[PDB]
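Engineer: Structure, please.
(2 chains)
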2 protein chains.
Amino acid sequence: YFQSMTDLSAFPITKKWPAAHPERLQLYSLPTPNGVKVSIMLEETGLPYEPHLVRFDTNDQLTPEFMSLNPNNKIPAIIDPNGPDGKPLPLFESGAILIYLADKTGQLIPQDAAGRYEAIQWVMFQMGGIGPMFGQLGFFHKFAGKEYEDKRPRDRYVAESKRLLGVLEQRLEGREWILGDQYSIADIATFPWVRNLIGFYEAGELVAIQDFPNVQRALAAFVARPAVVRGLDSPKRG
Amino acid sequence: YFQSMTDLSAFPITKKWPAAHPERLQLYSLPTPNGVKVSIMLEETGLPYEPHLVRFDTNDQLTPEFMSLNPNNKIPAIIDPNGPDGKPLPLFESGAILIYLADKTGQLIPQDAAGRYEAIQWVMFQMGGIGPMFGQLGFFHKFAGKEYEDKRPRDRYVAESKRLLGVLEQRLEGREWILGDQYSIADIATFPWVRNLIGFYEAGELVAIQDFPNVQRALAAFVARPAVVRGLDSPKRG
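Structural biologist: Numbers count the residues shown, from 1 in each chain, chains lettered A, B, ... in the order given. Take a look:
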């Protein structure tokens, strides 16, 4: 006779992270750069969401429950209970989630067709270049132990990270944000990684971040946005 | 009084690779895995195109002419003279180009909304995971010289490439192609990299490709497609 309250029990992940608020988009994440892309996007757009902390210390991302949503065992992942065609939408890959969320409520992507593809292009540059290469530098600089006495791998990823920063620097010359005047999913994808490179990864001296003044300008603007500050702390570490 | 024949002289890349056929999509590429994603897509869809060989031996990708189209200095890149909103569309990033081409002629992406996002998700998995990690294995196994006597980096990327192959293997269980029955841009993005991993990169023993029978099935089907065979040889090495 009438609708039941939202139930997401068809998704096995909900056995491990039950939905207190099944009417809200469910976010299964950790505040690493790829995770915060999505929480930042949610905070910017104001879409309600229910965050769930996927803990690496207990290998939560390797559970069958998590893997039932993302078989790649990586955060972030979402289930939007009110997805396209009136059905729940499971989705992983931060870059894909950014495009989905931009489309869902018509925010933070250009609304003209060419501009849309340009946005997707810069998100792809981030996904294929920035994230993987900055991540490898982080490994070889910060995490790799003394058994990796050879610093050739580190140096390879220093050179590549500098090259990528140079691409961003030239792109930002004469632009507020990656796509010009309008802040977008391209910025949301990219600046969490710049932040991590020179913050958590302690690679700012290796890449000489001061050599990229436009990047420094845009990064400083990015981290000061109130929605960014909220997204960087979501899900809450406790 | 009437239309001029297509002129693409507004794009500086055309100084280096002039368009003999300016009415056709222009492809600036090399038959590496990222390049062949795009030539394969063009051959599958039958869209006319004019290929231009961007030679690495002469550093063509580092020229101002190439970089005016792709400031990241990487192949592939395109200019579609008849783009959205009736204007030429410059575009780089293989994954972005795949989405664009699928949209342009309504082929090789699901036409339902959720299916579209699922396609984009698997293209993102390829762009962020498969390409970068298989590529790093290729470097440390095939290209890295004797000065990299430490095989720890190689072994890191062997483990990660095996993990990624396992994701593909489980996904392909009970499916023809990555999205199920329908061959799509997800397959076009992914199988050129599987091919390269076990072909050019000579990493098939390291990853033990025989451990992934669904991947082997789909790879064998992929490489036999006539449009794939054509795309793998475009642009022509001479």
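Engineer: is chain B contacted by whatever helix or strand residue A:135 lives in?
Structural biologist: Using DSSP states H and E, residue A:135 sits within helix A:131-138. Yes: using Cβ under 8 Å from any Cβ of the partner chain, helix A:131-138 reaches chain B at A:131, A:132, A:133, A:136. From N, CA and C alone the C-beta is placed, and that goes for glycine too.
Engineer: State the next helix or strand along the chain beyond the biggest helix by length in chain A.
Structural biologist: Ranked by residue count and defined by DSSP state H, the top helix of chain A is helix A:152-172. For helix A:152-172, the succeeding helix or strand toward the C-terminus, using DSSP H and E, is helix A:185-198.
Engineer: Could I get the contacting residues of residue A:38?
Structural biologist: A:27, A:29, A:76, A:78, A:94, A:97, A:98, A:101 (Cβ atoms under 8 Å, 6 or more residues apart in numbering or on different chains).
Engineer: for the closest residue to residue A:183 other than its chain neighbours, what are its contacts?
Structural biologist: For residue A:183, ignoring the flanking residues on the chain, the nearest one in space by Cβ to Cβ, 6 or more residues apart in numbering or on different chains is residue A:177 at 4.8 Å. Shown in contact with residue A:177 (Cβ under 8 Å, 6+ apart): A:183, A:184, A:186, A:187, A:218.
Engineer: picking up where we left off before, out of the contacts of residue A:38, which touch chain B?
Structural biologist: Checking the contacts of residue A:38 against chain B by Cβ under 8 Å from any Cβ, the ones in range are residue A:94.
Engineer: Now do residue A:120: how many residues are near it, please.
Structural biologist: A total of 25 residues lie near residue A:120 under the criterion other Cβ atoms under 10 Å in any protein chain shown.
Engineer: Surely it touches residue B:99?
Structural biologist: Yes: under the criterion of Cβ atoms under 8 Å, residue A:120 makes contact with residue B:99 at 6.1 Å.
Engineer: which stretches of chain A form strands?
Structural biologist: A:25-29, A:49-53, A:77-80, A:89-92 (DSSP state E).
Engineer: Pull the contacting residues for the spatially closest residue to residue A:158 that is not a sequence neighbour.
Structural biologist: Spatial nearest neighbour of residue A:158, chain neighbours left out: residue A:206 (4.8 Å); criterion: Cβ to Cβ, 6+ apart. Shown in contact with residue A:206 (Cβ under 8 Å, 6+ apart): A:137, A:141, A:154, A:158, A:161.
Engineer: Need those residues in TSV (columns: neighbour count).
Structural biologist: Compiled in TSV, the contacts of residue A:206 are given as follows (neighbours: other Cβ atoms under 10 Å in any protein chain shown):
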residue	neighbour count
A:137	26
A:141	22
A:154	20
A:158	19
A:161	26
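Engineer: List just the nearest of the residues you listed to chain B.
Structural biologist: Set against chain B, the nearest of the contacts of residue A:206 by Cβ to the nearest Cβ is residue A:154 (9.9 Å).
Engineer: Which residue ranges make up the domains of chain A?
Structural biologist: A:1-109+A:226-238, A:110-225 (curated CATH domains).
Engineer: sorry, back to before: sort out which residues of the longest helix of chain A are buried, please.
Structural biologist: Buried residues in helix A:152-172, defined by neighbour count with 16 or more other Cβ atoms under 10 Å in any protein chain shown: A:153-154, A:156-158, A:160-162, A:164-169, A:171-172.
Engineer: Please report which of the residues of helix A:131-138 next to chain B has the highest neighbour count.
Structural biologist: Counting by other Cβ under 10 Å, top hit in those: residue A:131 with 24 neighbours.
Engineer: wouldn't that residue be in contact with residue B:131 here?
Structural biologist: No: Residue A:131 is not in contact with residue B:131 according to Cβ under 8 Å; the separation is 11.7 Å.
Engineer: returning to what we had before: point out the one among the domains of chain A that comes closest to residue B:70.
Structural biologist: Nearest to residue B:70, of all the domains of chain A, is domain A:110-225, at 9.4 Å by Cβ to Cβ.
Engineer: First-to-last residue distance for that closest one?
Structural biologist: One end of domain A:110-225 to the other measures 20 Å (Cα to Cα, to the nearest Å).
Engineer: coming back round to it: which helices and strands sit right next to the longest helix of chain A?
Structural biologist: Applying 3 or more Cβ pairs under 8 Å, 6 or more residues apart in numbering or on different chains; DSSP states H and E, one finds that helix A:152-172 contacts helix A:131-138, helix A:185-198, helix A:204-207, helix A:213-224.
Engineer: If you count neighbours, what's buried in the shortest one?
Structural biologist: So that's helix A:204-207. A:206, A:207.
Engineer: would you put the C-alpha positions of it in CSV?
Structural biologist: Taking C-alpha atoms only, helix A:204-207 is exported to CSV below (Å, rounded to 0.1, in the frame of the first residue of the first chain):
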residue,chain,number,x,y,z
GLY,A,204,57.8,19.1,-1.2
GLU,A,205,61.6,19.5,-1.0
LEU,A,206,62.2,16.8,-3.6
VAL,A,207,59.8,18.4,-6.1
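Engineer: thinking again about what came up before, of all the domains of chain A, which one comes closest to residue B:58?
Structural biologist: domain A:110-225 (19.4 Å).
Engineer: how far is the closest one from where the chain is centred?
Structural biologist: Centroid separation for domain A:110-225 versus its chain: 12 Å, with Cα atoms, centre = their mean, to the nearest Å.
Engineer: cool, and stretch A:104-117?
Structural biologist: With Cα atoms, centre = their mean, you get 18 Å for stretch A:104-117.
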